Protein chains: 2
Amino acid sequence: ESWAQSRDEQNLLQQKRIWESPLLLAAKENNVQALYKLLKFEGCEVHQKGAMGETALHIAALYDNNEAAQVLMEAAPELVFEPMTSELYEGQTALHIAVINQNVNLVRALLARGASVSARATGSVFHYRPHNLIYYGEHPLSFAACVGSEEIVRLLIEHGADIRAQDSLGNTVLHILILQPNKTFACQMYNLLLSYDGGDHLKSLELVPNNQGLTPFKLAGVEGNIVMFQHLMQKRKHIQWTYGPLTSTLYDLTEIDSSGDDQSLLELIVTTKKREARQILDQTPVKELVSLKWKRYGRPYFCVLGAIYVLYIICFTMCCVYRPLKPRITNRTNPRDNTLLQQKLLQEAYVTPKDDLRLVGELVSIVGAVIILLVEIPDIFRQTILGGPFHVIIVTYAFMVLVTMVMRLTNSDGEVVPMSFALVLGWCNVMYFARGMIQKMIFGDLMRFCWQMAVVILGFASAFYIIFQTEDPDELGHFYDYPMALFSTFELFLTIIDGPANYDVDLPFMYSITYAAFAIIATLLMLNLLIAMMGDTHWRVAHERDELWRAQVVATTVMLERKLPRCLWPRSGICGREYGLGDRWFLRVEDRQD
Amino acid sequence: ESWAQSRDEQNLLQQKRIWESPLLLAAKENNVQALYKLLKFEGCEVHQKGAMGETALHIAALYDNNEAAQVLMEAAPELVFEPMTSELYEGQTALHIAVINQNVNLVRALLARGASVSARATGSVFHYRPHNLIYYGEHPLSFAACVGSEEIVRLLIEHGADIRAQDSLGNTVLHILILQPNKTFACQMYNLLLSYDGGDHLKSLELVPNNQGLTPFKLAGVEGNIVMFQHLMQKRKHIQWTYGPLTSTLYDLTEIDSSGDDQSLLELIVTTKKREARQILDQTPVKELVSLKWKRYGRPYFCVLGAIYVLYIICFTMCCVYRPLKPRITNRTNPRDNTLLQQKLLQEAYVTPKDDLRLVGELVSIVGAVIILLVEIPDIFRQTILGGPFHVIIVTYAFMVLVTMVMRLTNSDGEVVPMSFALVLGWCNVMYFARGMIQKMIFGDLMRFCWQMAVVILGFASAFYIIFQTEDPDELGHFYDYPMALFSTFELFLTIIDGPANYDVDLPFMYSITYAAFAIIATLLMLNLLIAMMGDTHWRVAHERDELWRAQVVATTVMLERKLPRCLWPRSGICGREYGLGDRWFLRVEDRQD
Ligand SMILES: C[C@@H]1NC(=O)N[C@@H]1CCCCCC(=O)O
Ligand SMILES: C[C@@H]1NC(=O)N[C@@H]1CCCCCC(=O)O
């Protein structure tokens, strides 16, 4: 008995009471004579409320009967004010129904009789829910703006409709227009509502924010309304001059940039689950913005921070390729003949000769891990991937390094399990740096594979080495040497080598786990390659393959700008103050036309 | 603080000084009364220079104010001559601004007052740089030809505009027109400028070359301007006769052929990084040219030179399959039990019985290598691949043969390393010979794979044989025989055989290197195959797959014609001298129309 089933039952139940009540039936059928033979002579009590708490006038307004409505208003002018007392339509008056149906004569008549232009239809039907086919708001002015009836709109303002009115979701009439399907026609209606504003700079209707802190301009970008966005952009751009085909226009660049508490358009576009907002970046005030962010400041800091990461990880493996080794003191090798451990645990490290060199290497692996946690853990409190899952991996990597540290200081046997996870987590997070025209697009996506593949093998050969650095190399000796390890793992990448298989000997728990993940990633990269080899030249889907990368580059650029300090990464555009336009920062864009 | 940021600041700074200076503001706002209330009565000093070193007339010219400009010229006729004293617009007069905006009345008025039609706008904005949205030149005549205003063009010639004028890049008005987006409309403007030429055969405006030695016709081909190219081709073709649908036209074929110092159109098309010029080859005077070059002379000499290469390489392997062998004199085999060398060094060669047969074979491998260097090393001094990287490989191959020679005469142990590189470099450079309708296109690209694959295995099986010709065949005996070697390497091509793997035995350094390159090339050829199997029938992209090969065939044809001597490869077309048209060589082309 879902909700809907209820309204399905009520809509059927409404038509039943309309069938049953002759006053309500006559109001529906527009039976003029039957309304006089009922109201004037032993006529039913007028204030009848139907199945949906509707009056006879409500029914008269629903079906566009003006003759029958006018009879009901002259016999009982009280009704006009009565709202729908039902739960589905709590607050809806006969004026709401008259406005939506674009019954100008009935609207004009109800306004004559003094209908409330401020009545809030707070019924459950009018809620902004995916199970409601329309969302127009609460006030009757808001209904007229959505049906596109400019006649009713001004006719409502003439009778004192407050354009600043907000509904239960803190949405002005401007917010609701941007949430409408007919975008190209709502632009016209949007200008009509702005004309009736107070005409004052202060308390502007375009500035009144959503209950979720969204001005209509900002909501247009988050909702992916291209038509309303470009239209709203006209009010906030200034043409400096026109030199032949060139047009140097100056953009406002205010609500489209940082230093919103978190309120940047850019941050709202990259963090929303609306794909449709992906396209807002690509508009002519915004695309120029992020491309300049990325050219200088963006691309260099990414490669610098990336190169630092490359060194911080190659140092971690430098400490892993040479980790403390002990012999199999134990004779237990002889029992469990399957066992092939030459197990190493050592706390002989303190006395040091080529041991201290690692220690400072291990110390770097720790101070970098906490630094990683010092910049990402305070960031989860204030979560989307577009960039890629770099942040999820970068914290779990430092988690494994800290565990391996806590694994040490206890001389625990399972040192390998958390230490091996950090190897793949560390390196595979390197190929996220990979971020730094159909053919050129074939070669572009191919170099990303060569980048991702060499990165994967440098994390799994590193891992596979540790897995078998303890075990006997006479049986299952694929990785006796890092150099071999690399070359074996490389060949294992392409299925050329029957991967490391033994069955008489009990191989450690890690291999059967680390190799299973290696076998999957190696095929996905070989599958992500084929799609990049066909998908590039198969259609203009390449562009689809394309923005996504550009959208990822933008998502990364916004990330860099959040922690990097103010001294680095200066603000975009040019500030306006002396030069004399100014507190807002402006972007200078010039375009050629042909 | 990039350059651009500067001009972004200056354009904002200009509008500030315009805001600040009432004379400059009135010149912008076209305030006629405010210009009289300032110049006639205690008016500001006129020769005010703005933020961009601009006069009030410059500002008056920028925004199309004629009433305000006429006031400034009658109150101070001096201004007309003043150029922009700024660095961004050094040299720009008010006439330049009037010409671009197509303000005929202001142009006519400035010419009345005697404006310089030879003023060079040498500012940094007007430079031919990718960060400038337009490039029109320096002189005001050159501005009018680019905006398409034929009225201003002739109006400038009437006042003595030199059509032969060249800018800082040695570009005539003809050169600049070909560098314009609107190609179909610039053809019309191009004819208007030619009419005012001296009318003499000598000192023709179409013959005045670029500062980079490019006539406008030649520049059209290098820039890939199809519309200007076909248009300029009309002036240099002659219709012999018309026999029904047939039309035997005779083409000039002068600036489109060799014996330019290096100045052939063809050499300029094949060596430029402009893809767009790829399409110039395919025009109806040029496509007929290269196809005749290729049919006879081109295709045969390529196969002849190719067959010679095939023999010169099969001889090098003939000396490599049977190279001096010595035993492991040393007991060192017993130490380093991993070592599996039956190492051969010998200087017993001099005494000879089936040894001399190789020596003359080795001697051929040397005289051919220097001959290779005798034809490519003097060619680097006077670098693009289209043909493919054949030249880069052919020199490094001879480099390895010379090293192997220097490796000999020293009895060095590492003989194998440079000698094995020459094997793959020699053979894989053979499949460049591969150069010699969707389905037929499927079978066409498939035979190139069968050509490239058999060539690859004949270079790596040759290499793998040498790598294990010294090592023990009882362990890792994939290549004990060239015949086996071939068959193993063939199977290793298709991943059928777990490639040569051993871990108890220390395999030589080369295998882990030569096999890694074999594993990559074998997959790319199996990936270049799939794209040729789908890409052929997936769309008319096959053509895209297609010209590229035709463009490579043309690039190879131009290569052959450079070193081959004059006695071979006669000149294309027919010479004109008695027959009596002549010093230029002409190509006879007849076309049917339907
Ligand atoms: C037709 C019903 N009868 C009536 O008197 N009011 C209702 C109007 C239906 C509108 C439902 C709008 C929505 O889907 O939210
Ligand atoms: C508008 C500026 N003000 C002015 O007096 N001259 C400038 C003209 C701008 C042209 C820039 C051409 C280019 O991009 O190179």
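Each answer follows from the model by the rule given with it, or from the source it names; no laboratory read-out is quoted. Don't worry about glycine lacking a Cβ; one is built from the backbone with ideal geometry, like all the others, and counts go over all protein chains shown.
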Q: Would you mention how many residues in segment B:86-121 are of a type in the set (S, T, Y) and within 12 Å of ligand 2 (Cβ to nearest atom)?
A: 3
Q. Across segment A:215-273, what is the number of residues that are small (G, A, S) and within 14 Å of another protein chain (Cβ to nearest Cβ)?
A. 2
Q: Could you tell me which residue of segment B:144-203 is nearest to B:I100 (Cα to Cα), considering only residues that are among the hydroxyl-bearing types (S, T, Y) and within 14 Å of another protein chain (Cβ to nearest Cβ)?
A: B:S149
(Q) Residues to consider are A:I521, A:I496; find the one that is surrounded by 13 or more Cβ atoms within 10 Å (Cβ to Cβ), over 30 Å from A:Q279 (Cβ atoms) and under 27 Å from the mean Cα position of the chain (by Cα). (A) A:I521
Q. Regarding B:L214, is this residue among the hydrophobic types (A, V, I, L, M, F, W, C), more than 29 Å from the chain's Cα centre (by Cα) and in the same structural domain as B:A161 (by CATH)?
A. no
Q: Specify the residue that is nearest to B:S124 (Cα to Cα); the eligible residues are those in segment B:1-23 that are polar (S, T, N, Q) and more than 10 Å from every other protein chain (Cβ to nearest Cβ).
A: B:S6
Q) Just checking, which of B:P83, B:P130 is away from ligand 2 (no atom under 11 Å from the Cβ) and either away from chain A (no Cβ under 14 Å) or buried (at least 23 other Cβ atoms within 10 Å of the Cβ) (or both)? A) B:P83
Q. In segment A:134-174, what residues are within 16 Å of ligand 1 (Cβ to nearest atom), over 19 Å from A:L111 (Cα atoms) and of a type in the set (A, V, I, L, M, F, W, C)?
A. A:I134, A:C146, A:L169
Q. Taking segment A:459-480 on its own, how many of its residues are within 14 Å of chain B (Cβ to nearest Cβ) and on the phi < 0 side of the Ramachandran plot?
A. 13
Q: Count, please, the residues in segment B:518-566 that happen to be within 13 Å of another protein chain (Cβ to nearest Cβ), within 19 Å of B:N429 (Cβ to Cβ), in contact with a helix residue (DSSP H, G or I) (Cβ under 9 Å, 6 or more places away or on another chain) and of a type outside the set (G, A, S).
A: 3
Q | So B:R299, is it in contact with a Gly (Cβ under 9 Å, 6 or more places away or on another chain) and assigned by CATH to the domain that holds B:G426 | A | yes
Q | Hits in segment B:89-115 (condition: in contact with a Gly (Cβ under 8 Å, 6 or more places away or on another chain) and part of a helix (DSSP H, G or I)) | A | B:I100
**Q.** Residue match in segment A:249-270 (condition: small (G, A, S), within 16 Å of ligand 2 (Cβ to nearest atom) and out of contact with any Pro (no Cβ under 6 Å at 6 or more places or on another chain))
**A.** no
Q. How about segment A:25-44: which of its residues are exposed (fewer than 15 other Cβ atoms within 10 Å of the Cβ) and not hydrophobic (A, V, I, L, M, F, W, C)?
A. A:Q33, A:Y36, A:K37, A:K40, A:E42
Q. Which one is nearest to the chain's Cα centre (by Cα) among residues in segment A:107-133 that are among the hydroxyl-bearing types (S, T, Y) and farther than 15 Å from A:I157 by Cβ?
A. A:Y128
Q) Within the set of pairs 6+ apart or on separate chains, which have a first residue in segment B:390-407 that is among the small types (G, A, S), a second that is surrounded by 16 or more Cβ atoms within 10 Å (Cβ to Cβ) and part of a helix (DSSP H, G or I), and C-beta atoms under 6 Å apart? A) B:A398/B:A369; B:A398/B:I372; B:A398/B:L373
Q) Could you say which residue among A:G436, A:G426 is surrounded by 14 or more Cβ atoms within 10 Å (Cβ to Cβ) and under 31 Å from the mean Cα position of the chain (by Cα)? A) A:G426
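Could we say that A:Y89 is assigned by CATH to the domain that holds A:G123 and surrounded by fewer than 17 Cβ atoms within 10 Å (Cβ to Cβ) here? It would help to see each step written out before you state the result.
Numbers: assigned by CATH to the domain that holds A:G123: yes; surrounded by fewer than 17 Cβ atoms within 10 Å (Cβ to Cβ): no.
So A:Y89 fails the test.
Does segment A:278-288 contain any residue that is among the basic types (K, R), within 14 Å of the chain's Cα centre (by Cα) and outside any helix (DSSP H, G or I)?
No, segment A:278-288 has no match at all.
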**Q.** B:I256 being surrounded by 17 or more Cβ atoms within 10 Å (Cβ to Cβ) and out of contact with any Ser or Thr (no Cβ under 9 Å at 6 or more places or on another chain)
**A.** no
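Looking at segment B:12-24, is at least one residue touching a helix residue (DSSP H, G or I) at 6+ places or on another chain (Cβ under 6 Å), buried (at least 20 other Cβ atoms within 10 Å of the Cβ) and under 27 Å from A:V589 (Cβ atoms)?
Yes, that holds for at least one residue.
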